[PDB]
Amino acid sequence: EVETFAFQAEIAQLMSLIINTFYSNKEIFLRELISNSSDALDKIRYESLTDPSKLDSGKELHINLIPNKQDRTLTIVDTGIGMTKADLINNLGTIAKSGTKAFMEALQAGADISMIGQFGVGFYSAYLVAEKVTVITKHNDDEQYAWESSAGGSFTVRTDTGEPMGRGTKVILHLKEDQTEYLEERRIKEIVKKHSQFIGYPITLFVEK
Ligand SMILES: Brc1ccsc1-c1cc[nH]n1
């Protein structure tokens, strides 16, 4: 059973700007997603200090980057705190409204798209390179869900029946046809070294078979 939701108008506006604006420096999407993973890992690490059983769903705190050329996907996996259904439908978009307005105003004042993370809406930079984004996520207090959007104003949420994740979030970038450079080992390595070199969790770049 699949539920379909409309983005808030401000967030749809932001996604169209990201998809339609000419902007060559697309590689910053990966810094933003890794940063979000790092923040989620920080949150479960902090919570586990007062309730160690929150790590019963998995003690390892890490980030994996998995390219797949056959499916044309780049997947960013983390074992962070994960997202509830309420986060996916309501909470994250509510938080994002204010950051979106501020970001769109800054852009009109001369900021550029690479500053998106300073406004808390860096996830949407995924649409610089992805035609579709799938997010599989599992919080300790909720079931495993799959969120998906190809933009256009709507997203879906369903319970996920795939492989159980334990805890954390998998962001699956279905890359645009002309963005397959982000499946290349040498390119991902270059980007992580330039933008993400001091992230405090192990980042493993998987190689393709
Ligand atoms: Br946003 C967000 C909110 C709770 S978890 C999470 C996340 C985890 C990986 N990326 N984003």
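Just follow the structure's listing: the first ligand is 1, and inside any ligand the first atom is 1. All residue numbers in this chain count up from 1 along the given sequence. Every heavy atom of this structure was used, including side-chain atoms; hydrogens, water molecules and symmetry mates were not.
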(Q) Do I18 and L175 land in one hydrophobic cluster if side-chain heavy atoms of ILVMFWY residues count as linked below 4.5 Å? (A) yes

(Q) I'd like the residue list for ligand 1, meaning every protein residue with a non-hydrogen atom under 4.0 Å from the ligand. (A) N36, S37, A40, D78, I81, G82, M83, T169

Q.
Could you list the cluster mates of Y46? Members are the ILVMFWY residues connected by side-chain heavy atoms closer than 4.5 Å, either directly or through other members.
A. none

Q) Can you list the residues that meet the side chain to side chain donor-acceptor pair (under 3.5 Å) rule with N36, with sequence neighbours excluded? A) none

Q) Are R72 and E177 close enough, and set up right, to give a side chain to side chain contact (heavy atoms under 4.5 Å, CB included), and what steps lead you there? A) CA-CA 8 Å; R72 203 203 297 161; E177 265 131 35; 3.2 Å; yes

Q) Does a donor on one side chain and an acceptor on the other come within less than 3.5 Å for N91 and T94? A) no

Q: Using the test side-chain contact (heavy atoms from CB on, under 4.5 Å), find all partners of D178 that sit at least two apart in sequence or belong to another chain.
A: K176

